[PDB]
Amino acid sequence: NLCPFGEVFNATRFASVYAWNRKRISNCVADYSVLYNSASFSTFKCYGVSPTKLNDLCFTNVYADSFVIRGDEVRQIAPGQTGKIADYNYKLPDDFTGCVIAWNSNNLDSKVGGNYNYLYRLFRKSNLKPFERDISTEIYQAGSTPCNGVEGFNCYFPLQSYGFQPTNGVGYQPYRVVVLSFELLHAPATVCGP
Amino acid sequence: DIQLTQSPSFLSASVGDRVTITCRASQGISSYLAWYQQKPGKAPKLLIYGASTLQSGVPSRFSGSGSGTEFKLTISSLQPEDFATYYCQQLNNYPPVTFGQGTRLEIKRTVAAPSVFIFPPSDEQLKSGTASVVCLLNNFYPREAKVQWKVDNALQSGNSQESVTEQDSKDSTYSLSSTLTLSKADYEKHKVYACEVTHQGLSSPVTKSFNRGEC
Amino acid sequence: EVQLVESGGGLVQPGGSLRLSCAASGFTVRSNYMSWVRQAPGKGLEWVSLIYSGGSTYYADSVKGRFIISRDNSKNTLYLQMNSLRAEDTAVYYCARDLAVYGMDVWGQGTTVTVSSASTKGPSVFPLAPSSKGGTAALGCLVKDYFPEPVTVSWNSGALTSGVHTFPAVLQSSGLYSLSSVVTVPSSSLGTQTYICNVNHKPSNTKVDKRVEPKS
Ligand SMILES: *[C@@H]1O[C@H](CO)[C@@H](O)[C@H](O)[C@H]1NC(C)=O
């Protein structure tokens, strides 16, 4: 029983980062080295764990989080980072144990004139807690006067479209991200290497 | 780092004209662009965001276009209050060149050659041990002007400074002063101090000069 | 109602400190992106610093580790603490509410910061005597080696304004300013009309009247 990593990494559409997707990986055998040995990924960074030794490890569960962000935002998907993504969309904890995997998806996620399906949260009063997911669409109140759900001055829609467009520079191009979290608890281990 | 370059740096037009200013990003930035107006001594004012969306309050004679690397700000019919400097800003990115270097919109008029004057250092200054030589270009248009200092017919570089007046409120001309600064000992080592002026209103460069120690 | 007011700029020596304030009204600083933008004399806008609603702060590399952006939520005020100042930090500083993809829509009037090692000094005034050679002569006054800005110049106590060009000051490599004021007059008046430039330099309490004659 192999782990359905193919469902995740080769998924045909991806989620918006504000509504990032999470699949629970459990009760399976995980061959990680098919991912690590691959020349497919421009980012493959692990924390609290060595990427070489992944096939020798068992875990209680593995969570696979996936979404799409800008190229120059991939650096925010790491412990201790700040910015629009890390503060307002997807936050990793300081004691993160797992791997961050990303690759350029310009050929898939950009269209002529702009692909407007992928969204990010632009306005938020406070930072996200780690692994928090905010899918609210309340009009953001930037002043003292209440918005009453109506857009206007000091009353902005909190989500914005990336508008990916294939002539973008690399920092503005879409990248697909998969974040594997590993938790080791005082419970039976459902995910082991081969 | 994505850079914004604005061209031209100076642009002349007259009231009623259709004006178009260009800004380029060194890489594609979709529609993440904003345009600002700034008048001398005043804060920038936001005109367009998202490359093409007009800011609330801005007259409809302003429009922005472009997506990717080339963006254009257009003024359909120039108004007297529109003469200002216009700045380009890339959005959702704060690199060293977040703002473009700016384009100054100026008032067009007929060509006028400069009146050139040269002033030797005063005797009073020389007593202090320094000599400043001043060359004046009066009431010319366009802005474009080259001042070349020559000392005993040797082209002088690295020891002059220029400044230019704002465009005159009546006749729309400019004036320019170039100051060549030398120590007393160096000044007394040469005889012919000359200021050669090149400008569109002159069919050939005009030189004003004096021989040191002669009135 | 919606405005930004700045204060705190002034003269400081290199290595000194300055705290700029930016009092807001019409919006809440705690709920907005806020950035500082500066404009060195005669140059363009340079982005300086930025603070998020959630508290994250960012700085251009030219000020990295020397400036600190902060705010007071009760006073609805934005700050910029400026340490280890250098000459190149000389600029007009603006605060602005940053709406990101909607641009920066609210700007303050700006506060002026000057960083220099120069001693305050009143200018020397030297004549630019009319040439011995349309009947229009040009004469003037060279206002040299003063600090800090500004100097005002008038001619014949205000009675001569037609044809006066007082040029913008230029900063010399010594750190002192210099400017010239010129005027064109009828050549026929060089023998009969007195021409005096009135140079005023208020930071050094200097009022100087220089008379410009045709040279012998
Ligand atoms: C995704 O598909 C490619 C090409 O078909 C394949 O080489 C790769 O192993 C797949 N990835 C996963 C995680 O199954």
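Every residue, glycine as well, gets a Cβ built from its backbone with ideal geometry; the counts of neighbours run over all protein chains shown. Each answer follows from the model by the rule given with it, or from the source it names; nothing here is a laboratory result.
Of the residues B:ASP1, B:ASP17, which single one is out of contact with any strand residue (DSSP E or B) (no Cβ under 9 Å at 6 or more places or on another chain) and over 30 Å from B:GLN148 (Cα atoms)?
It is B:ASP1.
For (1) more than 24 Å from the chain's Cα centre (by Cα); (2) more than 13 Å from B:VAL19 (Cα to Cα); (3) assigned by CATH to the domain that holds B:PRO40, each residue gets a yes or a no:
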{"residue": "B:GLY50", "(1), (2), (3)": "yes, yes, yes"}
{"residue": "B:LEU54", "(1), (2), (3)": "yes, yes, yes"}
{"residue": "B:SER60", "(1), (2), (3)": "yes, yes, yes"}
{"residue": "B:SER63", "(1), (2), (3)": "yes, no, yes"}
{"residue": "B:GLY68", "(1), (2), (3)": "yes, yes, yes"}
{"residue": "B:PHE71", "(1), (2), (3)": "no, yes, yes"}
{"residue": "B:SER77", "(1), (2), (3)": "no, no, yes"}
{"residue": "B:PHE83", "(1), (2), (3)": "no, no, yes"}
{"residue": "B:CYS88", "(1), (2), (3)": "no, yes, yes"}
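Of the residues A:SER136, A:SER110, A:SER126, A:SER144, which single one is touching a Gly at 6+ places or on another chain (Cβ under 6 Å) and within 26 Å of C:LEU99 (Cα to Cα)?
That would be A:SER126, the only listed residue that is touching a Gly at 6+ places or on another chain (Cβ under 6 Å) and within 26 Å of C:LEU99 (Cα to Cα).
Among the candidates B:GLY68, B:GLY102, single out the residue that is on the phi > 0 side of the Ramachandran plot, more than 14 Å from chain A (Cβ to nearest Cβ) and touching a strand residue (DSSP E or B) at 6+ places or on another chain (Cβ under 9 Å).
B:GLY102
Going by the structure shown, is B:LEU47 surrounded by fewer than 17 Cβ atoms within 10 Å (Cβ to Cβ) and either part of a strand (DSSP E or B) or touching a helix residue (DSSP H, G or I) at 6+ places or on another chain (Cβ under 9 Å) (or both)?
On the way: surrounded by fewer than 17 Cβ atoms within 10 Å (Cβ to Cβ): no; either part of a strand (DSSP E or B) or touching a helix residue (DSSP H, G or I) at 6+ places or on another chain (Cβ under 9 Å) (or both): yes.
No; evaluated as a whole, the condition is false for this residue.
Evaluate the following for A:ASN117: is it part of a loop (DSSP other than H, G, I, E, B) and either under 21 Å from the mean Cα position of the chain (by Cα) or among the hydrophobic types (A, V, I, L, M, F, W, C) (or both)?
Here the answer is yes, as A:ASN117 does meet what is asked.
Looking only at region C:1-58, how many residues end up being touching a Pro at 6+ places or on another chain (Cβ under 9 Å) and among the aliphatic types (A, V, I, L, M)?
Selection size over region C:1-58: 3.
Check A:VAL49 against each of (1) more than 16 Å from the ligand (Cβ to nearest atom); (2) aliphatic (A, V, I, L, M); (3) under 30 Å from A:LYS125 (Cα atoms) and name the one condition it does not meet.
So A:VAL49 meets the others, but not (3).
Given the criterion more than 10 Å from chain B (Cβ to nearest Cβ) and surrounded by 13 or more Cβ atoms within 10 Å (Cβ to Cβ), identify the matching residue among C:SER131, C:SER204.
The unique qualifying residue is C:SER204.
When region C:39-50 is examined, which residues are found to be of a type outside the set (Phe, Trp, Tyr), in a strand (DSSP E or B) and under 21 Å from the mean Cα position of the chain (by Cα)?
Once the filter is applied, which keeps residues that are of a type outside the set (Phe, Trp, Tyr), in a strand (DSSP E or B) and under 21 Å from the mean Cα position of the chain (by Cα), region C:39-50 yields C:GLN39, C:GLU46, C:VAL48.
Would you tally the residues in region C:37-50 being more than 9 Å from chain B (Cβ to nearest Cβ) and either under 17 Å from B:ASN93 (Cβ atoms) or charged (D, E, K, R) (or both)?
Number of matching residues: 3.
Which is within 16 Å of the ligand (Cβ to nearest atom), under 24 Å from A:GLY171 (Cα atoms) and either among the aliphatic types (A, V, I, L, M) or within 14 Å of chain B (Cβ to nearest Cβ) (or both), of A:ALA11, A:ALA15, A:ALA30, A:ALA78?
Just one listed residue meets the conditions, A:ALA11.
When you scan region B:22-36, how many residues do you find that are under 26 Å from the mean Cα position of the chain (by Cα) and surrounded by fewer than 22 Cβ atoms within 10 Å (Cβ to Cβ)?
3
Just checking, does region A:60-70 include any residue being buried (at least 16 other Cβ atoms within 10 Å of the Cβ), within 14 Å of chain C (Cβ to nearest Cβ), farther than 26 Å from A:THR190 by Cα and touching a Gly at 6+ places or on another chain (Cβ under 9 Å)?
Looking for residues that are buried (at least 16 other Cβ atoms within 10 Å of the Cβ), within 14 Å of chain C (Cβ to nearest Cβ), farther than 26 Å from A:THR190 by Cα and touching a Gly at 6+ places or on another chain (Cβ under 9 Å), one finds at least one in region A:60-70, hence yes.
Evaluate the following for A:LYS111: is it away from the ligand (no atom under 16 Å from the Cβ), surrounded by fewer than 17 Cβ atoms within 10 Å (Cβ to Cβ), in a loop (DSSP other than H, G, I, E, B) and not aromatic (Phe, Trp, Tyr)? Walk me through how you get there before you give the answer.
Numbers: away from the ligand (no atom under 16 Å from the Cβ): yes; surrounded by fewer than 17 Cβ atoms within 10 Å (Cβ to Cβ): yes; in a loop (DSSP other than H, G, I, E, B): yes; not aromatic (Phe, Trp, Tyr): yes.
Against the criterion (away from the ligand (no atom under 16 Å from the Cβ), surrounded by fewer than 17 Cβ atoms within 10 Å (Cβ to Cβ), in a loop (DSSP other than H, G, I, E, B) and not aromatic (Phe, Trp, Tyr)), A:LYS111 qualifies.
Of the numbered conditions (1) out of contact with any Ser or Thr (no Cβ under 6 Å at 6 or more places or on another chain); (2) surrounded by 13 or more Cβ atoms within 10 Å (Cβ to Cβ); (3) hydrophobic (A, V, I, L, M, F, W, C), B:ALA185 satisfies every one except a single condition; which is it?
(2)
Quick one: which of A:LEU57, A:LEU35 is buried (at least 16 other Cβ atoms within 10 Å of the Cβ) and either within 16 Å of the ligand (Cβ to nearest atom) or within 14 Å of chain C (Cβ to nearest Cβ) (or both)?
It is A:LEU35.
What about B:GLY158, is it surrounded by fewer than 17 Cβ atoms within 10 Å (Cβ to Cβ), on the phi > 0 side of the Ramachandran plot and within 13 Å of chain C (Cβ to nearest Cβ)?
It is true that B:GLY158 is surrounded by fewer than 17 Cβ atoms within 10 Å (Cβ to Cβ), on the phi > 0 side of the Ramachandran plot and within 13 Å of chain C (Cβ to nearest Cβ).
Among A:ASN148, A:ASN127, which is surrounded by 13 or more Cβ atoms within 10 Å (Cβ to Cβ), of a type in the set (S, T, N, Q) and in a loop (DSSP other than H, G, I, E, B)?
Just one listed residue meets the conditions, A:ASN127.
Would you tally the residues in region B:125-151 being closer than 24 Å to B:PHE10 by Cβ and not aromatic (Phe, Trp, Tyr)?
Count: 12.
Across region B:131-155, what is the number of residues that are loosely packed, with under 15 Cβ neighbours inside 10 Å and over 24 Å from the mean Cα position of the chain (by Cα)?
Step one: list which residues in region B:131-155 are loosely packed, with under 15 Cβ neighbours inside 10 Å, which gives B:144, B:146, B:152-155.
Still in the running and over 24 Å from the mean Cα position of the chain (by Cα): B:152-154.
Total meeting the criteria: 3.
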